[PDB]
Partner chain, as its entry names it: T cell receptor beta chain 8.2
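Only one chain is shown below, in structure tokens, and it's the form solved without the partner chain.
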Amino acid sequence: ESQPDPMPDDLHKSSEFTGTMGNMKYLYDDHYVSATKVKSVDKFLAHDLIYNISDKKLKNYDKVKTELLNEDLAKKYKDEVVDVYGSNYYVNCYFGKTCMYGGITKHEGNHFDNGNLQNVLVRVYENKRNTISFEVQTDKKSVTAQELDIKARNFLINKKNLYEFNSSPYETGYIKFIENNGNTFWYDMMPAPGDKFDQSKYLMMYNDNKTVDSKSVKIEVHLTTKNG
């Protein structure tokens, strides 16, 4: 069965977060590792994989380490030709090196024809009303929930100021994936309470490498505002 939906005390509140909200913004605002048709070159811990991947733009890294939930997942992908998409960090990253979690899909067999892109509808609720809906895209048949989440958050940062440097216009926020077998799961879009944001611990949720069928999955973002 599904992860049950958030109960009230399940969700992080931005007002109980007194660190820097730019640290969350930074992770999703035009920020991702993406590499295409790659094979792992190395390992640090038993559950991760290192890839030779350069950032086209700001030439910040040329090796990426992705950590996975378990050793079996690292074994499974070790020698496969894969596509990689995820959110990267430098704070507490050790192995121009950069770190992430999950983000791996096999290359072969995993694309639509004719260079087709698949649109995935994201419906945004604010205080339980459907205010906007937009579409994110992927060329991948089986896509990581991480990658879809990243795309949807990037759009929301720009359109709805989901995150700013100081804090957020929003108190709570979660993203919900509905699979066509009935399976649902969700991620808290807000930082853990306190004065520091731990990026590595935040992104750690993506280490399950959870993938969804792009063509049938639904996405709901549910946000609440500050007062009422």
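Residue numbers count along the first chain shown, from 1.
One more form of this protein should be noted, the form deposited with the partner chain bound, which is absent from this view; the next part is about it.
A residue is said to contact a partner when one of its heavy atoms sits within 4.5 Å of a partner heavy atom; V81 fails this definition for the partner chain in the deposited complex, lying far away. Though the partner is left out of this view, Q199 does reach within 4.5 Å of the partner chain in the deposited complex, counting heavy atoms only. Taking non-hydrogen atoms only, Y187 never approaches the partner chain to within 4.5 angstroms in the deposited complex. Proximity of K59 to the partner chain in the deposited complex falls within the 4.5 Å heavy atom cutoff. Contacts of stretch 81-120 with the partner chain in the deposited complex, defined by any heavy atom lying within 4.5 Å, are made by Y90, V91, listed in sequence order.
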